[PDB]
Amino acid sequence: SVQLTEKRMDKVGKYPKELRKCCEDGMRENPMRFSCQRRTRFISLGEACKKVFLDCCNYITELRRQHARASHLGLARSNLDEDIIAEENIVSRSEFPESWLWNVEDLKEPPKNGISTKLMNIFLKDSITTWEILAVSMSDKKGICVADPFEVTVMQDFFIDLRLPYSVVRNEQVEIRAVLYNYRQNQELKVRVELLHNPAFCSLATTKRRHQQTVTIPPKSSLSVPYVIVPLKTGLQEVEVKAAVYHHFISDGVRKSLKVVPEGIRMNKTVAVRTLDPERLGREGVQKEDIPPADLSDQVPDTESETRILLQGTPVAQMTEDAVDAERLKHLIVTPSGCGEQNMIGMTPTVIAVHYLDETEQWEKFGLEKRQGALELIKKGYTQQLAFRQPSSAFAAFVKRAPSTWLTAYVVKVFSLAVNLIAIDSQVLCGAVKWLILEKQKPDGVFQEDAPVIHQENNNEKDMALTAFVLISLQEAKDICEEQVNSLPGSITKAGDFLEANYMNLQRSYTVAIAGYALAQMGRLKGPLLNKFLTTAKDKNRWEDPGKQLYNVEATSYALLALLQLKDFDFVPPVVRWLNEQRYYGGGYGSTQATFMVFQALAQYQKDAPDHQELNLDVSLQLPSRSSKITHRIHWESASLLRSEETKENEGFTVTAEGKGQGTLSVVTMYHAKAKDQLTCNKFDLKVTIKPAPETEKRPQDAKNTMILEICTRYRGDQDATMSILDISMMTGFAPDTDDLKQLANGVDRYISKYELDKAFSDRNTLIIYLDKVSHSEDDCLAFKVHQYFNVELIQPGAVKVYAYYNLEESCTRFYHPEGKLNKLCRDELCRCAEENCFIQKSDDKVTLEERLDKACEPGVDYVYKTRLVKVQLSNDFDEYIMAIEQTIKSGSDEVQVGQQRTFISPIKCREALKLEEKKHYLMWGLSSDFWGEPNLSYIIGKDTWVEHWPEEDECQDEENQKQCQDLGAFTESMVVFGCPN
Ligand SMILES: *[C@@H]1O[C@H](CO)[C@@H](O)[C@H](O)[C@H]1NC(C)=O
């Protein structure tokens, strides 16, 4: 109604061709509700585009306001008129089912009058299309003959499709559905759908009786049969519906797999990165390392955590074995890789690994068969990188955007290292080098930058770092494009002279280190300059700078490379020891730049080692949880130089090694953390709010409701973040509106660089938004619409995380959830399977003294308490009940005193079943392992935890409570004095 497309098209038809796109996007309304005076600030074009945008937006705004004021009534009772869009730019189909039957055969049967017949059987695919088999025959006597296409029309009449959410969190009530399609023109199917029982979730079909429904599907129509399942188990479980048609013989039934995940958000934490050099660090040829247990403070109740320890026989072994392989190469980092620079995972790690293995010659024992695989990986990576190449021989950060000098230099540096491996086109690299030298170099010897910055930048210490980086890039292509590009040595000399001229005024550690490495490559690192390089190191162990974490790692890598270029082997071992330590995220490093720089520095150190050898590590692990001692020996010419061990419990152990080498140890733990807003955000301030959509407007047919998610983020630092990323994890059944994201990205305004809906997202669907920068002065806000397709109750909150790519230390996490609780399935049996947990099978209404005595202190039970409720802290996922201990009938593995306080944590689904109240007395007994605290000493209301509401003393005199007060008192006295007979 409010689109008003006709006059929009009319106005656009009266503008020049180049200005049509500028005005077309000036009329469509963005979801953030921005007046076009503010929107014009985001237009990265000329003043003509800004003027046209502003004029068109004001015109259409006034026009549509008048239309909505005149022809819209709130009491009309007549539906608003809808106009067909009648758009242009229509795109033809481009997705067709993949081809099959890619096999060759030779006819060998005895010919009959020249014709040889061969009978071949094929298995038709499950696509409802019409295949066209194409046959071509080759014979040495007659030649090539092309047969006519053969048409195989696959058809079906009744189709059952089972609609499921991607993943439903445990203890979430979700309505999966089965859609039955009838394709008969004038026939009505009479199907008998049935839901098979599954132990994992209590369907409406109990084990005693299966659930069957007879539904009639109208001709040329479809019917949806909704089902409700609540999952109480984790993993992947099968949902099956069996449908049998009447009088049509069709018995089609569809089975699908549903993934159910714990309530929290899975995280990987590093607890130990200790190096292994017993010859020097150890006491006397023996090293002892004490490994503390992981924190696991915020672990989600009833969720197992797995700890893994990895033994490196070489500081470079893990990255090498990861880079050579394909399915594991993507795990070197923990960040997305969808832009210009981050797309170097395919090329740089594999290139460095291949070069290091070649110059060390470890292929004979590692396996020469893998080299071709690595080459293929590099080829694929190179094929991807050409997507970012502008026609002007320059590489841009994103597709079809301003070319970046820094990225072009990095690409040239990586390409110059791979010509000896794969068939890198010389035209591309030479054109990039020529572009860098001609169009971006100032006469003074400084490389200009015009595109928005990607890394961290009188303009001093900014041009120095960029010039040093570009010089390091050019020194790799010195002998490659020397013939196509002539003035390269002059540019290198000018850049080196400029670097030497202003090298004494540097103050930051990063610029000092990078300029020192550039000079050491050029050979000008001599005299007082060398002293400036050495004195910058703090503790003679690192080129550290306060605040920055990954930049410090990169600068230390540059310094180590410079030291190697200086042919020094005394100041290096401390730097190598420090660099092997800073593995914060997972088992390795976070970003790509720091990872690649450490890889390069360590590989260079290993290459120039004076035949170090002496790799005879023998690591003995004394795990308290295991009676038998664990031992691994890693000698030279071993199989993989990597040894991994796994544990299902959190504990601290000790590591013993006997020397003869320099190994590394890394311990990482995997667990789930409760959905709580991060207490302290290092540098980003984030606020995320989800609200119902003011008007339905355009909604997908399947979507049940639409909501608007609005995110506002700001950078608390002095300068804008170099590059930042929004990782948005979404609740069950929710999908974003792709039209809004496309409008945000592709539009002239370009609020977001690009969006990516495809990731691993093993837990829940994730959306990644690449923000070019975050403004420190004011909040940067963006909003888009998310639609729900499956209705859900007790829905868990979603997470939004904003972090700087090149420095992952500065990240902020927030949680959003739509605004007692209401369920959707309370029936005779469905309300009981959900509530079957957190309680015992007793109904707490007909409790007998004998039954209570028998079930009170069963050998499984290890504690029985009589406490009082202090307060109720109801939360989104787990409720907190702080119980004041009144008297402990018996004591177990946990020590308490009268008057002390404890806290019990209960699942949200059991809030109504518990129905606890303020300032009331209760009696609970439970198992021995029902203690959660390691301090807090929290307890979990499990399946063997009893809850009885102790009547108040003044209310014990009523008819409905005197029958129970005396029984409870007698029971308590009997167990206090007489104890348990059994
Ligand atoms: C956590 O670390 C382990 C051990 O290195 C790894 O297998 C796992 O993939 C990592 N994280 C996740 C979220 O799976």
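Q: Help me understand the overall build of the chain, please; the structure alone is not making it clear to me.
A: If you tally the helices and strands in the chain, you get 22 helices and 38 strands. Expressed as lengths along the three principal axes of its C-alpha atoms, the size of the chain is roughly 105 × 85 × 85 Å.

Q: What is the right way to look at the nonpolar core in this model?
A: Inside soluble globular proteins, nonpolar side chains tend to come together where they are buried. Counting residues in each nonpolar core, the largest one holds 119 residues, and the members touching the most others are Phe415, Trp543 and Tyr558. Considering every element that reaches this core, the biggest residue donor is helix α15 (residues 550-565), with eleven residues. Apart from the residues lying within four places of it in its own chain, the contact partners of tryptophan 543 are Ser509, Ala513, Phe533, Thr536, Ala537, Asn552, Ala555, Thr556, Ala559, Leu563, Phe571 and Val575. In this structure, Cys681, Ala721, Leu767 and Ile769 belong to the second largest nonpolar core, which totals 69 residues.

Q: Help me understand the side chain of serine 509, please; the structure alone is not making it clear to me.
A: Mapped onto the fold, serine 509 is located in helix α13 (residues 509-522). A residue is classified by how much of its surface remains accessible, and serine 509, at 5% relative accessible area, is buried. Beyond its immediate sequence surroundings of up to four residues, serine 509 is in contact with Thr536, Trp543, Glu544 and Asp545.

Q: Sorry if this is basic, but what is going on with the sheet that holds strand β18 (residues 616-622) here?
A: Sheet strands line up and pair through hydrogen bonds in the backbone, either parallel or antiparallel. Strand order in this open sheet of four strands is β16-β21-β18-β19, and the pairing throughout is antiparallel. The strands lining the two open edges of the sheet, one partner per strand, are β16 (287-291) and β19 (630-635). Each adjacent strand pair in this sheet contributes to an overall mean axis angle of 20 degrees, direction not counted. As judged from the six bridges shared by β18 and β19, these two strands associate in the antiparallel manner. Pairing of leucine 621 across the sheet is with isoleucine 630, part of β19.

Q: What should I look at first to understand the pairing of strand β28 (residues 766-771) in this one?
A: Residues in a regular strand project their side chains so that they alternate between the two faces of the sheet. Most of β28 sits inside the fold, with six of its six residues counted as buried. Bridging between strand β25 (residues 724-729) and β28 involves six bridges; their strand directions are antiparallel. From the neighbouring strand, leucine 726 faces β28, where its bridge partner is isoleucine 769. In this structure, strand β27 (residues 754-756) lies alongside β28, joined through three bridges in antiparallel fashion. Bridge pairing in β28 links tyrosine 755 to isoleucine 769.

Q: Can you help me understand the state of the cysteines in this one?
A: Note on terminology: a disulfide is the covalent bond linking the sulfur atoms of two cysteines. The full count for this structure, using the stated rule, is eleven disulfides. A disulfide bridge connects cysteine 22 with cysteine 49, and the sulfur atoms are separated by 2.0 Å. With the S-S dihedral at roughly 130 degrees, the linkage between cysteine 22 and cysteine 49 falls on the right-handed side. You can see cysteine 22 sitting in helix α2 (residues 17-27) and its partner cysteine 49 sitting in helix α4 (residues 47-70), a full 27 residues away along the chain. In this pair, the class of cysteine 22 matches that of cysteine 49, namely buried. The disulfide bridge from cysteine 681 ends at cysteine 812, spanning 2.0 Å between sulfur atoms. The sign of the 75 degrees torsion about the S-S bond sets the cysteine 681-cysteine 812 disulfide as right-handed. Linking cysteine 681 in the loop between β22 (663-673) and β23 (684-692) with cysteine 812 in strand β32 (residues 811-816), this pair joins segments that are 131 residues apart in sequence. Looking at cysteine 812, the relative accessible area reads 0%, which means it is buried.

Q: Quick question: what am I supposed to make of the packing of α13 against helix α14 (residues 528-536) here?
A: For any two helices packed against each other, the geometry is given by the interaxial angle and the distance between the axes. It is the contact of α13 with α14, at a shortest axis distance of 10 Å, that shows an interaxial angle of 135 degrees. Regarding the angle of α13 to α14, the classification is oblique. Crossing handedness for the pair α13 and α14: left-handed. Touching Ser509, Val512, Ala513, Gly516 and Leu519 of α13 are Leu529, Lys532, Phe533 and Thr536, all from α14. Taken together, the residues of the contact of α13 with α14 break down into five nonpolar, three polar and one charged.

Conventions we followed
- Residues numbered from 1 in each chain as written, not as in the entry; some residues may be left out.
- Part of a larger assembly, values for the part shown.
- Heavy atoms only, no water.
- Residues with missing side-chain atoms left out of burial classes, pairs and counts.
- Helix = DSSP H or I, 4+ residues; strand = E, 2+ residues; numbered from the N terminus.
- Core = buried A, V, L, I, M, F, W, Y, C linked by side-chain atoms within 4.5 Å.
- Buried < 20%, exposed > 50% of the residue type's maximum accessible area, 1.4 Å probe, protein only.
- Contact = heavy atoms within 4.5 Å.
- Pairing = 2+ DSSP bridges.
- Axes fitted to C-alpha atoms, helices over the stretch in contact; angles between N-to-C directions.
- Disulfide = S-S within 2.5 Å.
- Parallel < 35°, antiparallel > 145°, perpendicular 65-115°, else oblique.
- Left-handed = near helix turned anticlockwise from the far one by under 90°.
- Nonpolar A, V, L, I, M, F, W, Y, C, P; charged D, E, K, R; others polar.

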